[PDB]
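The structure under discussion appears below in the form of structure tokens.
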Number of protein chains: 12
Amino acid sequence: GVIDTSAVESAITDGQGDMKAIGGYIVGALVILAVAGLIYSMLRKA
Amino acid sequence: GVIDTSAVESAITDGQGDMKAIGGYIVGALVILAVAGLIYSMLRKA
Amino acid sequence: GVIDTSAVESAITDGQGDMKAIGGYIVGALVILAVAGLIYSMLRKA
Amino acid sequence: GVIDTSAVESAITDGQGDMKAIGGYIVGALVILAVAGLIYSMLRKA
Amino acid sequence: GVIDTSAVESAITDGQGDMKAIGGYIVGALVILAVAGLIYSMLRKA
Amino acid sequence: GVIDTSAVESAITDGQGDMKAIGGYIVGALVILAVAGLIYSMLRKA
Amino acid sequence: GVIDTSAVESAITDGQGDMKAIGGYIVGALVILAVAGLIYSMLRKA
Amino acid sequence: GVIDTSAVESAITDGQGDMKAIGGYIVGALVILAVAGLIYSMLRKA
Amino acid sequence: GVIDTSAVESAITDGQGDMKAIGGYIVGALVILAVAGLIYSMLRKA
Amino acid sequence: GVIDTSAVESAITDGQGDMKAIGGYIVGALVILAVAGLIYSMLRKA
Amino acid sequence: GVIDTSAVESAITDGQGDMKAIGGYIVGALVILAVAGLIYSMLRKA
Amino acid sequence: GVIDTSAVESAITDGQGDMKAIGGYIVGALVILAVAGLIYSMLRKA
């Protein structure tokens with residue numbers, strides 16, 4: 001009496017493979033305010 | 001069952017390319033108070 | 001058996017075109033406290 | 001399906017025009033401790 | 001088949017006219033710690 | 001459809017009248033290290 | 001068709017009378033780091 | 001409708017009685033660099 | 001034609017007497033991060 | 001009509017007994033930068 | 001007229017035994033930003 | 001009635017092994033402004 005849920009794992013494993021894609025696109029934008037955070041500290045201490 | 005997230009990386013890679021633009025516009029204004037910080041020290045020691 | 005959702009994309013693409021308008025009106029007000037943040041530092045160091 | 005956001009830019013452009021007003025009222029009070037900072041140095045060196 | 005929403009704008013335009021009243025009562029209390037913030041700096045530098 | 005906010009201004013105008021009281025109690029303690037700062041300079045120069 | 005809300009004001013006026021009690025217990029602990037903040041400044045200037 | 005806050009004043013009056021303990025342990029270490037600051041001045045003037 | 005609701009007030013007055021019991025068990029755990037919040041401030045200022 | 005909440009106080013009194021354990025492990029690490037803060041001041045004044 | 005709920009406690013006591021497992025896996029990742037939070041403070045004070 | 005959480009510890013132990021990697025990449029950049037902080041002090045004292 002089953003219902004075919006084969007279209008579930010095919011849909012959301014491709015879903016969770018897309019959460020990883022837009023996680024790496026944020027990490028690449030948070031290191032901008034990490035690098036610029038501490039080369040401001042070099043100019044101030046000088 | 002995917003949703004097209006192709007408009008994400010096209011939107012925020014151009015976003016993080018703009019954080020770099022206004023980071024270099026601050027560094028050019030912090031060296032003003034680095035140079036003027038230590039040519040004041042030459043006049044005082046004289 | 002469809003329902004005409006043509007009035008959806010006509011309504012919210014004009015919606016997301018208005019989020020961009022009031023995003024640029026905030027950026028123009030946050031640079032006021034960025035510029036005035038570091039010309040206070042010039043007067044203090046003098 | 002828009003919502004009239006015409007009352008937004010009319011409200012905060014007049015808002016950011018007021019941040020400039022109270023920025024210039026602080027600069028006029030930080031030059032007091034810049035001028036008095038270095039006419040104390042004239043009396044001490046004498 | 002409308003429902004009279006005339007009691008809405010009469011109720012919340014008088015509501016948002018009261019948010020402005022208690023916004024100006026806070027600004028009058030944040031300038032106390034702005035003025036006293038920098039007449040402490042005059043006594044310390046002396 | 002208002003809510004009585006008459007207990008707000010009665011509560012925080014008496015609040016900001018108390019920030020002024022403990023601001024003047026600090027100024028009376030910072031002039032101790034201003035006066036003693038420069039009658040030490042008289043004894044050293046002698 | 002009312003519901004007796006007489007147990008409301010009896011419960012939260014005694015509630016807001018207790019927020020005042022633990023506000024005064026914090027003020028008595030923030031003046032410790034205000035007094036000790038500026039008798040450290042007397043020892044350093046000496 | 002109260003909540004027993006009797007465990008508050010029993011917890012932080014013993015808390016603020018401990019801020020006083022580690023304030024007096026710092027004052028005993030700042031007088032070391034006050035005494036040694038001005039018996040260096042006796043050796044230099046000799 | 002009533003239905004005996006005498007088992008209601010006997011069940012939920014003992015219910016609301018138990019909400020007070022686990023409210024006082026949280027207040028005893030929030031004062032831990034209130035006391036430790038400001039004896040960290042004594043060590044940093046020293 | 002009660003629900004047995006005897007597993008509550010047994011769970012969070014052991015919870016708040018663990019907040020005290022990791023509070024004392026931080027105090028032991030903030031005195032490192034208190035002691036080293038003022039034996040740097042002895043070397044500089046010498 | 002009962003219904004066998006013996007499969008309930010066998011299912012959720014093993015459920016709450018798994019909430020404890022992934023609670024300890026978070027605590028092991030929050031101490032990374034506690035240790036690195038205050039060995040940054042040693043390098044800055046030096 | 002369990003749910004397989006074996007993919008949890010495999011995912012976040014590799015997660016917390018990556019927090020350590022980018023902690024050591026910051027420590028290597030804070031010692032730059034520690035070394036340069038005190039070879040500036042040698043040039044000034046000379």
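All Cβ positions, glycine included, derive from the backbone under ideal geometry; neighbour counts span all protein chains shown. No value in this document is a laboratory result; all are computed from the given coordinates.
Among the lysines, which have Cα under 22 Å from the Cα of E:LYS45 when same-chain residues fewer than 8 positions away are ignored?
Cross-link targets: A:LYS45, B:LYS45, C:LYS45, D:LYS45, F:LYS45, G:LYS45, I:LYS45, J:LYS45.
In the protein assembly as shown, if the dipole is taken from +1 on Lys/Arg beta carbons and -1 on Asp/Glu beta carbons about the Cα centre, which of J:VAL27, I:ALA7, B:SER10 is farthest to the positive end?
Going by the charge dipole, the pick is J:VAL27.
Quickly estimate the mean residue ellipticity at 222 nm for the protein assembly as shown, helices only: each DSSP H run with n ≥ 4 gives -39500 (n - 2.57), and the total goes over all residues, rounded to 500.
Roughly -23000 deg cm²/dmol at 222 nm, from the helical runs in the protein assembly as shown.
What dipole magnitude, in Debye to the nearest 20, does the protein assembly as shown give about its Cα centre under +1 on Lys/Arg Cβ and -1 on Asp/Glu Cβ?
Rounded to the nearest 20 debye, it is 7580 debye.
Classify the protein assembly as shown from the C-alpha gyration tensor, please: rounded if a/c falls under 1.5, else prolate or oblate depending on whether a/b exceeds b/c.
Note, shape of the protein assembly as shown comes out prolate.
Does region A:4-46 classify as rounded, prolate or oblate by the C-alpha gyration tensor (a ≥ b ≥ c root eigenvalues; a/c under 1.5 gives rounded; else a/b over b/c gives prolate, otherwise oblate)?
It is prolate, given that a/c is not under 1.5 and a/b is the larger ratio.
Report, to the nearest 10°, how far helix J:21-30 tilts away from the longest principal axis of the Cα atoms in chain J, using its own Cα long axis and a range of 0 to 90°.
On a 0 to 90 degree scale, this one is about 10.
So, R0 is 25 Å and r is the distance between the beta-carbons of K:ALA29 and I:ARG44; what FRET efficiency does that work out to, to 0.05?
According to the calculation, E is roughly 0.50.
In whole angstrom, how far apart do the alpha carbon centroids of chain A and region H:2-44 sit?
When both Cα centres are located, 47 Å separates them.
In degrees from 0 to 90, rounded to the nearest 10, what is the angle of the helix E:6-19 Cα long axis to the longest principal axis of chain E?
Here the helix axis deviates by roughly 0 degrees.
Return the loop-located trypsin sites (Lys or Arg not before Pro) in chain K (DSSP other than H, G, I, E, B) with at most 14 other Cβ atoms within 10 Å of their own Cβ; answer none if there are none.
K:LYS20
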